[PDB]
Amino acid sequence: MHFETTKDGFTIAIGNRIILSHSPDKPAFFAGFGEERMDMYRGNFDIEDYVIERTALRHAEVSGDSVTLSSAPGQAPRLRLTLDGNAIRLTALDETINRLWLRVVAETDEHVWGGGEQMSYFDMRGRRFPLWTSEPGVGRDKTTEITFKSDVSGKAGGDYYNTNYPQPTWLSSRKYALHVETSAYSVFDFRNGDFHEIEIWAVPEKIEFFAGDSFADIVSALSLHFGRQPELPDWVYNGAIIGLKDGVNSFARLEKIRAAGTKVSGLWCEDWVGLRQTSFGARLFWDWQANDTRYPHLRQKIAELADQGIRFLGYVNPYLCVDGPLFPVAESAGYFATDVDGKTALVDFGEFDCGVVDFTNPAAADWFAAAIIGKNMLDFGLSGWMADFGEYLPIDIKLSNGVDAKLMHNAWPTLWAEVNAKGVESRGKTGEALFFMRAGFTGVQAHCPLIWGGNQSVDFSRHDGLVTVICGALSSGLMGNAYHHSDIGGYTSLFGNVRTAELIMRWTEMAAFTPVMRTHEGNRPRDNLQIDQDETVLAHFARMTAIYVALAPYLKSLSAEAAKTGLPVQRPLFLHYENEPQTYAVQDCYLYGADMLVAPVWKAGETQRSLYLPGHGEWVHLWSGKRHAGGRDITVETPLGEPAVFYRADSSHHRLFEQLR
């Protein structure tokens, strides 16, 4: 990167792209001090800053191979800037600073994407995005009654910016990416036309830059920096992972699903550990071993299923309930985070308390990986699991490494991902065992093989329904997570919001053109329609699983590309159609690899779908074989069973796509 003096200050560029511009009248950096409030209630945070100082660093001077910045001439410098390859390193010279703002040069028509897994807005331009892992919210839109009710009853509605997986990384339409190396609270402010502003509640070690001739090349570079995932295991291609939580009755319902012709790769029973009924619904018993009361012959059932070519998956998270038998084992070994007095810190998860396994203590992390992931899960015969949570570290607890919980909070999902990966690696099953996370932060990419979109409401809402999954996939894919999926039919049923047949079927239609089809009974299984309970829904589901299986050779080539190049399986239109600027904000269609275009129906009652077909070639409608020229809007019929999916006539996979007609 290139530092250049000007009349009154300096610029820093990557290539011909100016990134920072400083003068006394238009400073690049501001420094100061704040006292935050961050109140936690069941993984929801009410965050408010009290800024005591925000002071422009107007005065720059060269000092060896660095620049120092002070408030004004004749004042002691507060910040040092040092160029180091593709990074700007920052050193706090005034050790009182706990707030830093940095302005980066922006253009009027510029788009910015990333920010981790964003659930509402893909193109972040025009809005402000705090980056703090938490519950994403139920409803996530202060104008909906679901959100309002969630806020009033449990401070749980959230808003457009909340996510289980924030990351302080952006990709700019100017063909560079920026990454802030920090775990502190930070904010991306894209409200101004002429600059982007980053707020950090720390002076980060460095800010790193990635450039390239194409967006694809920059995503490759990012994925190499954060780490790539293994290829999907071959067993996944046998069909859907059926999610049931009905104890021994799960087996009979699976047989019913199978009798309809459904292609099944796995049975996922999150209640393998037992249930705990709460006011929220049928939650799980958070003690990570097979529960003989709920599944008295589970090991035998796993072997029966294996003989039928079906794997078995469970559930785990990084907390232990106080009333479970593992809790005193962990407490006795000193493996829990502590409170200010050195006692085990108890966290309320909603009508039950848990200890937090302290992964900053290497012995605790090793115990979790060896005893739970290794012995209780993999050695018990699980091929995979939901690896849940990560987003709830309160900021008033004490960690074994002595690092403030305010800094460890965002790091937690990555530490948790690493515990899972180490367990898997200790059994030689990297690339074969499949665990999936909803929570993330910088670095989760290297350890987690598959993301899921967390809890959507069981609806077609704009800010917590079906369509938000696509936003999540697109954003997280640019950040180097190649594989994304969602709960078919959503999760959260509260305040009378329950599934419909149509919702399930539309969600299944999308899921068949993603890496993994997986169902979930949700928080209130008997209040919500499940895939086995309606003949039409089940037959539609079976058919969609057959389509997914017929498409597996294509999906498998996309997984190979993901390993070779880092490119996500679900890509935004602009990644392959860079010279069509009007595509740059599209977030409800994706390219499934380079050769298929998918435009999910995300509203009730729709019989048709309108969308933009890009490029100058031909697109072939998957169900009819009708060809259409690229470069225009079209409207196609989308009855249930026939989502709006097209393939490139030029595709090397055309013979396969022709089969689906």
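Note that residue numbering begins at 1 and tracks the sequence as displayed.
Novice: Do the CA atoms of 167-175 or those of 91-99 have the higher mean B-factor in the entry?
Specialist: On average, C-alpha B-factors are higher across 91-99.
Novice: Can you tell me which stretch has the higher mean Cα B-factor, 499-507 or 286-294?
Specialist: Taking the mean C-alpha B-factor of 286-294 and of 499-507, the larger value falls to 286-294.
Novice: Checking the entry, which one of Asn481, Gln530, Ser279, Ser457 has the top C-alpha B factor?
Specialist: When the deposited C-alpha B-factors of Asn481, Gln530, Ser279, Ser457 are compared, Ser279 is largest.
Novice: Among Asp194, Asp159, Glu117, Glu580, which carries the highest Cα B-factor?
Specialist: Highest C-alpha B-factor among the listed residues goes to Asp194.
Novice: What third of its chain, lowest, middle or highest, does the C-alpha temperature factor of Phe45 fall into?
Specialist: It falls in the middle third of the chain.
Novice: Report the third (lowest, middle or highest) to which the CA temperature factor of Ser134 belongs, ranking only the modelled residues of the same chain.
Specialist: For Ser134, whose C-alpha B-factor we compare with every modelled residue in the chain, the answer is the lowest third.
Novice: Ranking the modelled residues of this chain by C-alpha B-factor as given in the entry, is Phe33 in the lowest, middle or highest third?
Specialist: Top third by C-alpha B-factor.
Novice: Please place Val51 in the lowest, middle or highest third of its chain according to the CA B-factor in the PDB entry.
Specialist: Middle third of the chain for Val51's C-alpha B-factor.
Novice: Considering only modelled residues of the same chain, in which third does the CA B-factor of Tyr335 rank: lowest, middle or highest?
Specialist: Its C-alpha B-factor belongs to the highest third of this chain's values.
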